[PDB]
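Same chain, two versions here, written out as structure tokens and called structure 1 and structure 2.
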Structure 1
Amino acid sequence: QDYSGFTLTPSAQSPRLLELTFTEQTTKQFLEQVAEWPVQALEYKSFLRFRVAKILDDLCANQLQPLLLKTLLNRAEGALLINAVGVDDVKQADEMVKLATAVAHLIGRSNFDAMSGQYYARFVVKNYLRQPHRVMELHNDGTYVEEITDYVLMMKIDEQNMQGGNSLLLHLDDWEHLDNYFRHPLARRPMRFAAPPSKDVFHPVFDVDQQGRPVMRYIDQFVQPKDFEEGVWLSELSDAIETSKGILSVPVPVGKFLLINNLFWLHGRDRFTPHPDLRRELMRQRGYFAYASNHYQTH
């Protein structure tokens, strides 16, 4: 299991989460070969996101794309942590954005992001939610729209005078309370979802895949229980997730990013220590799967 242009190894936290590192040579060739397109050009022309994607897959002998797809579609795995040797300082923020864009567009397409107005977003924490000193709860993304979100991506840009603040993760077949909530009649009841500042949507909190196994579509801030029966059941569901013993805690140094299957993984973030001269900065992307396979058709 040795690949062309990168190395792949299980993480220190779980065998379901794989670490993928691009070599110093692959890194410096990719940055040379995309130096003519600044970050502003990727924002303007979306076919260029698939072009820098092909450039990176070609530099890895067309082994990157089927590997990313097999890993993200395998019920037993479904998640990755990614970096490139030599890209690791806040003064290299532009190079970091280019690298994350190429990986996403081998597996599908990244959707528009309302908070930045682009296909990605950057934000700073001092002294999503930028509230220091508290934990961010585990959730799926994309629950408040009709089309399914298949994947989520998150990258670290700067860090100064900083203690704490790791990322958190949870897989459904590691969640000890799945069968109890899935066999409840409310697991198959469609419910309402809504975000703060368009239209509301209706779907169950659980569904099944093609073989009959469970998948989830949940976040505490945006689900809207219609009555006391739904609302109590959901607050019990929230506690059963946040106190799960299956949660992973992952540091993300300046230069690295996570990428996960959004149907059977959830994610979040830990609290940190205050300091008068503290600084932290992040970047994110989200989207759907699209790929080739052999199946029936007519005419």
Structure 2
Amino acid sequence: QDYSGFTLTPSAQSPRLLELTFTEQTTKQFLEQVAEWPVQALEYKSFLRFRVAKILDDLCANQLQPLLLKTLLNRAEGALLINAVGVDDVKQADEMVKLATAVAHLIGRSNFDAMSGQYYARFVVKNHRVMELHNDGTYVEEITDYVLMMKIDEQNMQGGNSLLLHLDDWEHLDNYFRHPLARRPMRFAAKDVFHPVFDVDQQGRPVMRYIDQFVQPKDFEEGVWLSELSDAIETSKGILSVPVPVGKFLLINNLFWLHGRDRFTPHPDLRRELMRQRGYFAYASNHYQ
């Protein structure tokens, strides 16, 4: 269909990854209407995160929030690459944070990031290897429903695409899901938590909560299996390789998408800045009370 304030087109890498682009009129109006709250105001007063969310959704005739929720919750999709025309330079990092915040807080709430002390975190990489596919939030009890990763800056960067794996594109899903250890609660440590690497959604379809660094196999049986699982994920033919240009961000359902990052070329002048948010879904629906 045709949407108010933005366009939605499938990506070249996969029909499951949809590209959402806010128009120029939508973008400059949003930035104008949220100009009176700097990013530090969003940091200090969390309800402003929801206020700028509403402002953005209002500028899209309230078509954005239902579209975001539909896409992220659709098992067939669950992934967005989002950008706003005119917001594509590192000098607009604050506008980038505002826009991502507004998008994230239409579908839920972003959790505290221990590495930044805020509801979002920015990293710069300077001075090489593939970051293996994984889910976020595997070492805490609360489920992380979504991962938001935004490219703030990118200079002298060859490679480094975001890697994505939708569980239903993973050719080995059934082999590992049907193994008894898939249901075995395992220890995860950054207090420790225990949960299986696999679970099911409400329909019985597999979801995952996996990362190689924080899973703690208790014995030879668990360790060998996890090392085979790791291999079966990293060599999967279903992995997507997605460039994320400055100003764009991926927003993915953390339960049936795994994400990672490809190796990049070391270069003295290399600078890549990322912004991340992770949170849970929260939305109105017709259900029992």
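Just so we're on the same page, residue numbers count up from 1 along structure 1's sequence. The term rigid core refers to the most C-alpha atoms you can superpose between the two forms while keeping them within 1.5 Å.
For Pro38, the Cα coordinates differ by under 2 angstroms between structures 1 and 2 after the core has been superposed. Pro276: CA moves 2 Å or more between structures 1 and 2 after rigid-core fitting. With the core fitted, the CA of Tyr291 sits 1.5 Å away from its counterpart between structures 1 and 2. For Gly142, the CA shift between structures 1 and 2 after superposing the rigid core equals 0.3 Å. The Cα position of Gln160 changes by 2.1 Å between structures 1 and 2 once both are aligned on the rigid core.
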